[PDB]
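This document opens with one chain alone, in structure tokens, the form deposited in one PDB entry.
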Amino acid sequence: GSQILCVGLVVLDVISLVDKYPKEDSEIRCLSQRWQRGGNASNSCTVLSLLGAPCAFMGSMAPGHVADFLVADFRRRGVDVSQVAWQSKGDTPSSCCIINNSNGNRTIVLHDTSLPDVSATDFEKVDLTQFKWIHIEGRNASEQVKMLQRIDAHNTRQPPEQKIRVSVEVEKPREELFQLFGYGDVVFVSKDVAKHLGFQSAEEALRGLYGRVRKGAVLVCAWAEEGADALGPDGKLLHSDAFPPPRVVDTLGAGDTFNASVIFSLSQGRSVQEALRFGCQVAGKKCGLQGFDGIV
């Protein structure tokens, strides 16, 4: 149990860096362009790798020239791809990302290619003994709940010192995913999900959604410039102010930087308060740079 595993998506981010967001029906030239390996679980593996944590990525990929770019990027970062669910049907998903250089805002137009998702069958083949931590990016909820029931069953047959710590991410405001609330030691709920459920702050969301988490779980909600908050079994609300850079240039994957940094800090035995703080610290650092290089 020496590695952190992230189960989720790997998407090709085709990036255009603009000085201002284009008005509808307008024609504006971009400042610069780059291809970036994206996908939430995939971005968190980049961050975990830079933090010095051995990690593995599990997600669906389709053989082609794009997957060769993605795989070469994963390998250059030392991310283990041995668990990848290579598919025969479907193309590798790609997205057009417009990054506003003046405020760091990122607009994503995702092309979801109907690539078959990672299944409980794919997960059943995985050797759970090499993993210290397993993070699951909420996608195919019913099929992931089965992956989560499999980790819990393994845990019950293991000593407390050899148990696999589990984290879940509920980013999209999709009702199917609200069952995952639900499972795991740490539950990351997005600001978008929280707002969609009628909450105007991180503290409100935590108080209103805690009843949905597993006994003894920590519910975490980041709220951009408002920093981030956490709530555990003790009922004590924990807050961390954000660490915004003086110039916010790229927020693409900031939330993924936060999740990965919180997971790394907890996996290192640090307190929830310290982990919240470290999450905001690394995410804030990322926001003042293009991509993920130089975050540490």
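Residue numbers here begin at 1 and follow the sequence given. Take the two forms, superpose them, and find the largest set of C-alpha atoms that agree within 1.5 Å; that set is the rigid core.
As for the form deposited in another entry, it is not shown, yet the points below apply to it.
K.L.:
Of 100, 83, 87, 190, which is the single residue whose C-alpha shifts by 2 angstroms or more between this form and the one not shown after core superposition?
P.N.:
Of all the options, the C-alpha that shifts by at least 2 Å belongs to 100.
K.L.:
With both forms fitted on the core, give yes or no for whether the Cα of residue 237 moves by 2 angstroms or more between this form and the one not shown.
P.N.:
Residue 237: C-alpha displaced by less than 2 Å between this form and the one not shown.
K.L.:
Spell out whether the Cα of residue 248 moves at least 2 Å between this form and the one not shown when the two forms are superposed on their rigid core.
P.N.:
No, residue 248 moves less than 2 Å.
K.L.:
After the core is overlaid between this form and the one not shown, has the C-alpha of residue 16 moved by 2 angstroms or more?
P.N.:
For residue 16, whose C-alpha is compared between this form and the one not shown after core superposition, the shift is 2 Å or more.
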